[PDB]
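Chemist: Just dropping this structure here.
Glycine gets a Cβ as well: all are built from the backbone with ideal geometry, and neighbour counts include every protein chain shown. No lab work stands behind these numbers, since they all come straight from the coordinates.
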Amino acid sequence: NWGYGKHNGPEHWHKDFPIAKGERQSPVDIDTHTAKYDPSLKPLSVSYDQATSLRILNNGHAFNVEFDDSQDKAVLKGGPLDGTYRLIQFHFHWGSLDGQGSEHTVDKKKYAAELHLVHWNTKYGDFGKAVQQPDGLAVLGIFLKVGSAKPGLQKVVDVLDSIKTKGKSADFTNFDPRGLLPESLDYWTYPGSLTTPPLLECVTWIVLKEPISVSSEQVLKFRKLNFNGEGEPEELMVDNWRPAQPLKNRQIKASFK
Ligand SMILES: [Zn+2]
């Protein structure tokens, strides 16, 4: 029943999901002056050369690009992570206007959108078990700003017309998520949660410092999606972001000096 509107959005989620007010919630504001360089962080390893995308789905809240995670193909390791985390999906959050849309903020700066590459810890066998663990998931977050087009995003943009409404999916094989990454892997990391219901506190967040640029035209096509299902009154899929939550007793670590 949850969504992003006035009557079902982030300020309501706590009634069905009391962990919304928990000690480990995401997103957060990243205060760059308070975050500390951590020389114990190891190099981050993003190994997507054997990634196998399968399908793209409009789930009524965003669209997910889904991957075959039955094998160690696309994996995240290193940085703050112990062991191997397998990519299962990515999706975005974005605004109705270029001045908002990201979930994490940087010194209170909101970006136009934010990409989440979702990975689960292979020591727990599958995603469903991983989300019962405090180190079950690792999400790589990448900010998007409006400027030059991102060529690696276009295949995504061009298929959204086929998945306009909730429940629609399309085949989406041979998509390469390397083309969504910025040049630098400098990042901030902290322990947090899923940013949508059920808001489970299972995530090691890795937020890249360098945004990618996308064109105004690319984001405008995101904003033509629908939260509603086919044949229902149109409610544009915009502002599907949760605002920053209290940092509470957490530390944000930087990978860079
Ligand atoms: Zn997300």
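Chemist: Alpha carbon centre of segment 4-44 versus segment 204-241: separation in Å?
Modeler: 20
Chemist: Something else about it: How big is D for segment 1-132, in µm² s⁻¹ as a whole number, if Stokes-Einstein is applied with the Kirkwood radius of its Cα pairs at 4 °C and 1.567 mPa s?
Modeler: 76
Chemist: Across all directions of projection, what mean area in square nanometres is found for the Cα convex hull of segment 13-254? Write down the numbers at each step before the final one.
Modeler: On the way: hull surface 50.2 nm².
If you wrap the Cα atoms of segment 13-254 in a convex hull and average its projections, you get 12.6 nm².
Chemist: Let me ask you something else. Over segment 148-257, what portion of Cα pair distances is larger than 16 Å, expressed as a whole percent?
Modeler: Tail of P(r) above 16 Å: 72 percent of Cα pairs.
Chemist: Right, something else. Are any of the pairs 21/164; 36/129; 110/166; 42/209; 73/150; 77/129 more than 22 Å apart by Cα-Cα distance, and if so, which?
Modeler: Checking Cα-Cα distances, 21/164; 36/129; 110/166; 73/150 exceed 22 Å.
Chemist: If neighbour count is taken as other Cβ atoms inside 10 Å, put 188, 2 in order from fewest to most.
Modeler: Values: 188 22, 2 18.
Neighbour counts put them in this order, fewest first: 2, 188.
Chemist: Please identify every one of the GluC sites (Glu not before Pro) in segment 1-105 that sits in a loop by DSSP and has no more than 13 other beta carbons within 10 Å of its own beta carbon.
Modeler: Answer in residue order: 11, 23.
Chemist: For a quick check: sort 86, 178, 24, 55 by the number of other beta carbons within 10 angstrom, fewest at the front.
Modeler: If I rank by nearby Cβ atoms, fewest first, I get 178, 55, 24, 86.
Chemist: With an 8 Å Cα cut-off and a minimum separation of 6 or more residues, compute the relative contact order for the chain in percent.
Modeler: 26
Chemist: Please report, in whole Å, how far the alpha carbons of segment 132-195 spread along each principal axis, starting with the longest.
Modeler: Projected onto the principal axes, the Cα atoms of segment 132-195 cover 36, 32, 22 Å.
Chemist: To continue, here is another question. Working only with C-alpha atoms, what are the Rg and Dmax values of segment 119-167, expressed in angstrom?
Modeler: 16.3, 40
Chemist: Dipole magnitude of the chain about its Cα centre, charges +1 at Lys/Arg Cβ and -1 at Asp/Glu Cβ only, in debye to the nearest 20? Please report the intermediate quantities before stating the final value.
Modeler: Working: 31 positive and 32 negative charges, 103 e Å.
Dipole size: approximately 500 debye.
Chemist: If you don't mind, another one. Over segment 115-228, what relative contact order in percent results from Cα pairs under 8 Å that are six or more residues apart?
Modeler: Numbers: 196 pairs, mean separation 40.3, N = 114.
In percent, rounded to a whole number, it is 35.
Chemist: What residue among 93, 33, 14 shows peak mean-square fluctuation when the chain is described by a Gaussian network model with Cα springs under 10 Å?
Modeler: Maximum fluctuation in the GNM of the chain, among the listed residues, is at 33.
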